[PDB]
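Notes follow once the structure below has been shown.
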């Protein structure tokens, strides 16, 4: 199941060798300055240079910030974790706001852990019935091998029950444990700090900052310098940053000045507004003066009418149907009348009604009749 | 008999032709509203219409609560009647939507008369000689019998004290309630056994008892949820098992009738759940009552609407008008209290009390009827005279004279 | 006797490298 | 020497003075003054003690400081034993754990009482180190100063034995007058409608003595309990007694409690409750609409307002004389005149606060009579509400 | 006398369209609303196909067009349907984010094909050796019933389970939380990552499949801005069921803020709603739907009464005229007649009144 | 050990001399004479161990370094001394109250040093199936075991030859025992934090001392009484700690009135308040007040204002940022960078340096081109440019 | 099993008496030589 969403045509950023511009770069078209401003910071993401930075996105509704917010994470792959979180999930009744924010910061910052282990399996023969010598046979499909082991291991086997000719994990059921005499394996995976904080809370939830800071950072410091753990942070994305309480703004532009803080990309859509919790404030982009001195403001341009064909062509490629000249002309006209989201919205039911009526292509009269069927939000 | 505030209600007085009498069961007035509530009680008793709403539009101080009580007394004990105060919705731990939905489930009820045989226990038949087979006798005042019981009941027996002289109530679903110390246990005229001393349980072994029982669905939901209901798994299962019980021929569904006071004092989210949940096909009939007139809906701060009801809620609701009265029957209504009181009054004191009732309001005279009889009992008069009522009209003041001073 | 959904419902990096990171084992060191 | 119940503000009275013809006196049972309020209190007390009607509200109001709470205190003192009196305030139902409607119907549950007549058997006697052990009844001999009894024990009574030991009909419990041990007893017991909590949840004592329970289970506590207390009614068994509820500070209560009181008095099990009101025109909470009395018309039509008159010069000196009779330290006649002038110009509670300090200055003097200069120095050192108003012209903070 | 017999506007079975998706003038469903029922059929065909996600359809019009009847027709013609109100997600134990999330994730269904091996029956041994009280077989290798899972039968079971596996993984037992709502805000990583990985493994192994659902949210004229900020990500998520919003009021100030916007929505949800407007009923359409609703409770009317009923229902509300035949059928039953008259419906109109009658007579203000 | 250097981790301590004179090129802190002078006064007052509980506020223009001076005081505070930085927004909780969180903040920053004595014997262990033989540098002695020592050796997988420590309470220590495959007094002075009030109140200690209204009534009183008893019988002293309150103007007046009377107690540590703006009304009331603070709390505290930065101090801070982040700059870029940093904030200039270093290392060059940092500055905007370039009326 | 009492270990009376401090210093210095130490008492309470 592919489950094609709205922003499913976006593959990556599409920077060639220097990172300036391309038109058909396997995704969203246009927006040269935004692509440069998001292609500068991925070297800081992959290089682990600074911490506690902020990225501010601004523009009208319809610039496609979700497409670039996906493309900045798909270029990183599965190496860097990406966990988006809007301000609606920060709002809660039982659990407080700053606890959910700290769990988001622990979902951002991650670890890489390697481990080498030796695994023994196969059926066993014993002869021992404790003076420094334990005979252990090991039979597998590759053959037989005899080993000398310590009497403490034989005492630990004597603690439980040992069947004559069973499968014992030395570190009717279980038929044929296929494998050689020893398995020496080195596996590297990733660790999220949210699961570690849950396991510290519930081994089998408001927290005090002592276990949060020191009891994690001391064992991280003791495990990096040995050569096991590697600290890899993540990139957060907060959509609708202007719809937040001012206490959340104080917490954000305090926590961005900390020594341990990942990079967070803000998304501010609306212009001047009243900040919730306070009155008589007409600050730009719903953001006070303190946070504006910390964020990186990125201005997004407006899409040209020539690039609407480049938007609709990759969507027709994703759907899998061709568009005629008059149909593309009418779609371009209704994409110049209103926003392009209305042009993307009328791609699926036109194809479905053409499949019902028996039309392999898209007719200008067909999209005219389905525009007569329902009208846009502008003329409501 | 401990007569309450209003006990005039014993009926509504509807004939077969569909006319309204002038004086029936102490409910003088509003023959148009009498026919308008006769139509809705016929709609309730017809058992075919569910999902309706009744509003009683009138000034404050007309007595529409007595009309709803007359509806409930004409229905009687067959149809469940559960009135709800508007201040019963604003809970702290349970959300208001769930409170309104649980009231809607309190409305709907069933009746599935059944049976149940009693066993009552012998004295001593502890015979575990097989565990699958237990022999237990019975020694009642009518005589002695025996019965063989499967091992369980016995597993409930060893949990409780089964000694010489006990009671063993056994239900049909292995529900055992047991006592200790019965019949006789006075062996050597010794001290306390510290038990319950009961005489002989007179009665035979095998009765066949039949009880008609009304069961509400909310008690069923409480008994099934425990060892906020899911509207995809729990109430659908209840609907399916009630459908199976009424298709097999066990239970009989009755319609639900509710009566809500101070409707306009509720939140607008309660309104947008109310006129969405009464649009269901299983919704009971709810008689709404609006107390005051044009005010602000709670949660809007600017929207002006009549009777404190929004335009989406004011539609699809029947409206029954209840206007004011004429003063020349007020002395009749006081007389309706007099036959309720049991002490006869005079003729001129009725005139003075009717003058006080038509001065400001009838309820002031109704409340002053009690200290008039109290001072008549204290001073020793067999009836209420004019001096006691003209003294109690000046001793006790209403809200108008309190706002004047 | 009905039942709606259940008959019976259905409901390797670990290896001794993360138990030492946790202090929530029976030993409460203080 | 030192007790819990000390001399407070409204504890100086010892009841309410009433007669058979309902004629008030000038000084009866501590309460002095308020003749129309005395007659209204006598009428409502006789109406409650009659116990015929149910669900009536009688409001009292007036100027703050006219001794309006002391009238209800004298009604509660002269109410009589074995009668539940519940005195609540307008702020008790405000809670963040339970609802205000649940708290108000809990107060309604506390109001109505049940008198239950039972007959038990209580065995008393001294135990003389008996019951030779298991190989397990043994014997039991009790001694009195008239006649001793010698007999055996029971089976299940060996757990309580592992000094007069009083054992009832049940399992058991913990100079002495004589008599037969099979003493039979009648126990007229008063229940404040605690029949709900004993079956509403398990461990009924920890929910009955201190709170912690949620809202009580709907469709189980209002119809079933009422039907069963009707089953215990009119069969020779116990009969309910409507108690007296007294509510404070109604004029600053929410409109939802007003709407609940509009329909709670019309029910069957509705006790006769009285309430107090201090302020006049005050805007109700919840809305921004102004209204007289602090109570809307929909509830004022369901109650009766009894207004109270302020005191005079003759009643104030009688209150001062009866409070000097309640206290120990006496005063001089010129000091009584000065204190009467202070109680006429200022409030009565201000004179109550001055007379205790004057008695303490007299105790510093180690005498039995308060002079004029002592109470003059107390009045000079201690300020008043109307006195300290003119000293606020410095504009210290706003 | 079973539980649902008649209610509000739901009497028609299914929805009524054709092969060319054109509604008739006398068929199943309602009379009129060609463009509205056509767009409803198009979006219902989109639900039946299930190609993309994030399809939010807004319906609007004058009060009295019957959006609930269209929703019930699309529900019966439809797969898990769910119709919620605007106050069900507003709870106290849960937040305004978790409850709307649980309302979103409940419409998603999962079909599970499970093949098990069961050896059941009655005992005839004890102490180890297994046989039966059989009809068929023997050969060991009293009275109680024992079932052993690996006579012998390979049973195939089809399960239709919602996403409440998230309810049972976080829980300890399956008995408590499966009967009510549940706990507070849980681990959202456990909701997203492990569930998506295990359902993806079930898709790769071919054991279970998933189907989307439909959520009908009525009366969206009042809604706090927290849900409007949540729908920015909810419509732009990886997976989401289809949403049908119903808004009655045109211009309404949003609670908590102070703005003037159509349909009570911001600019972010403005371009995300397929908006369908309606048309009020004419004379013939109202008369025809009254002719349809006369066949509900088997009530016959006279010839001169339909014109009077339509004349009342045109000036006043339509639902009042729907209630008039029910309020007049009881008077006709008490009259002992098989046909209503003009005086009957005039008497019922004199008894019960509407807002336009009570507007003038409330000039007392006492 | 891999932790990225933040915006406030670029300095190491505070500039301090024998006469306590502020310097310019000392430990990365440049300028700000009077505020660092008062910071050195209160830092010597803290480190002396004399008094604690004076409320000091730091005010000034936005961007003068009101936060970095607190980090410079905390780094130069010294080891084994608690430092806690809490904002106003952290104590806005729906599970607990504001005053309880403020008492947690007050009782968290009071450290207690407790001395203990044990014995630790280190040597080679030879086990005889049993008894042990310790081969040490001093002596080679054979010990006879009792009952609990053999049990403690058999509950663990004890390997012979490793270091086994025998304490007074018989607690084993297994440190570096699997790396290949009389000693009278060790006085240990351990530092604890006073978060054990609910340990007095409640019963659990594992889940409680890590991550809860805790019987205020007479819980703190018994703890303070036993602290006073320990203070005598010189078994336990007490050191204070620094509590930084960040952006106190976003706090209700109820917490202000609670802090007005919670500071007068003997258990009140030193607290450094932060206030950014000037005339700001109090959240909760209707009257305005200076610094977002009423007259009652203003009488309690003292105010230190920050001097705005100069040109040469800004150039020296940019030189420190040049020498810290390993970014080689050109000599012709300092004037352009100072011209950018004069009209904008300093942290925007730090972000400009970082982005220019990113583009220069993408170019893989050593020197920073003036045209390169000009292109990077032209790529992004300012806050006044975010005010200016949004004149298209995109929304309402 | 925190016996909810936490019995006091007898160490403080040494902090309550400088004579006990000097006696503890003399005893811990005389045990380093490896010789015997005599203790002389007068009453049974001093023995306890």
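Which chain is which? They are A, B, C, D, E, F and G, in the order written, and residues in each are numbered from 1.
The rule is short, and it goes like this: contacts are C-beta pairs under 8 Å (C-beta built on N, C-alpha and C of every residue); 3 or more make two chains touch, one makes a residue touch a chain.
Peer 1: Hey, what chains does subunit A share as contacts with subunit G?
Peer 2: F
Peer 1: Among all other chains, pick the one whose mean CA position is farthest from the mean CA position of subunit E.
Peer 2: Checked the centroid distances; the maximum from subunit E is G.
Peer 1: How big is the gap, in whole Å, between where the Cα atoms of subunit D centre and where those of subunit F centre?
Peer 2: 56
Peer 1: Report the inter-chain centroid distance for subunit C and subunit E in whole angstrom, where each centroid is the mean of the CA atoms.
Peer 2: 38
Peer 1: Can you work out the whole-Å distance between the CA centroids of subunit B and subunit D?
Peer 2: Taking the mean C-alpha position of each chain, the two centres sit 32 Å apart.
Peer 1: Can you list every residue of subunit B that touches 2 or more other chains, as numbers and ranges?
Peer 2: 92-94, 233
Peer 1: Could you list the positions in subunit E whose residues touch two or more of the other chains?
Peer 2: Correct list: 92-93, 164, 178, 267.
Peer 1: Which positions in subunit G touch two or more other chains at once?
Peer 2: none
Peer 1: Help me check something: in the complex, which residues belonging to subunit B touch subunit D?
Peer 2: 2-6, 60-61, 65, 82-83, 85-88, 90-94, 102, 106, 188-194, 216, 218-219, 222, 261-262, 265, 291-292, 295-296, 361, 363-364, 367-368, 370-371, 374-375, 378, 395-399, 401-403, 405
Peer 1: Can you tell me which positions in subunit B touch subunit C when the two form their complex?
Peer 2: Those residues of subunit B that touch subunit C are 233, 236-237, 240-241, 244.
Peer 1: Quick one: in the complex, what on subunit E touches subunit C?
Peer 2: Touch list, subunit E to subunit C: 157, 159, 161, 164-165, 168-169, 174, 178.
Peer 1: Touching residues of subunit F toward subunit G in the complex: what are they?
Peer 2: Contact set of subunit F toward subunit G: 203, 205, 233-235.
Peer 1: In their shared complex, at which residues does subunit A touch subunit C?
Peer 2: 113, 115, 117, 187, 189-191, 196, 199-200, 203, 215, 219, 223, 228
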